[PDB]
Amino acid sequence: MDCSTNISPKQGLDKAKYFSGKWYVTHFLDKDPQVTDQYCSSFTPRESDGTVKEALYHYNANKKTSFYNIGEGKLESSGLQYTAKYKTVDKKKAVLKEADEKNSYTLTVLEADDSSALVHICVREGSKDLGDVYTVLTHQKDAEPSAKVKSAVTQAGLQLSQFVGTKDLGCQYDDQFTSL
């Protein structure tokens, strides 16, 4: 299901609060009703001199499988957003497949504070949208998102009741992979 185009970079968020530690997705919203599988995800985003690089993990809770990626792209000047190319790696961060240059994802930060964040991610494989997901993030696994981030969900036009909560899914994480 095609990504929403009504996402725009925000000015005025604090990037130091976003590019810090690791994030766990506590709640996710894929409006596509054709999907069945639910995921857990964690990632650790960094920024140096305008380049964003991040280590990413997905766990398919239905299939009990996982995959790992490293993304890299430029920090937008217009707001807290970046469009990254991604390679596939193993749990030891060895490269399994270099990036497919036709593929990218755009991550747009909607809110970020010391405990929590809200982001939107659209993954594109050339002219096909793999899909988009809104993710509520916290630094601690299974934590409660802040009031400020919960407000951002509403103010994005969304309802938190519609998100899937990951704390009940039986997630397996790889915390060594996302560690500092």
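Position 1 is the first residue in the sequence shown; the rest follow in order.
Mean C-alpha B-factor is higher over 10-18 than over the other stretch, the pair under comparison being 159-167 and 10-18.
In this crystal structure, the stretch out of 22-30 and 141-149 whose C-alpha atoms carry the higher mean B factor is 141-149. Sort the modelled residues of the chain by CA B factor and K128 lands in the middle third. Sort the chain's modelled residues by C-alpha temperature factor and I121 lands in the lowest third, per the entry.
Placement of the Cα temperature factor of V109 within the chain: lowest third of the modelled residues, per the deposited record. In this PDB entry, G79 carries a Cα temperature factor that places it within the highest third of its chain's modelled residues.
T65 sits in the highest third of its chain by CA B factor, as recorded in the PDB entry.
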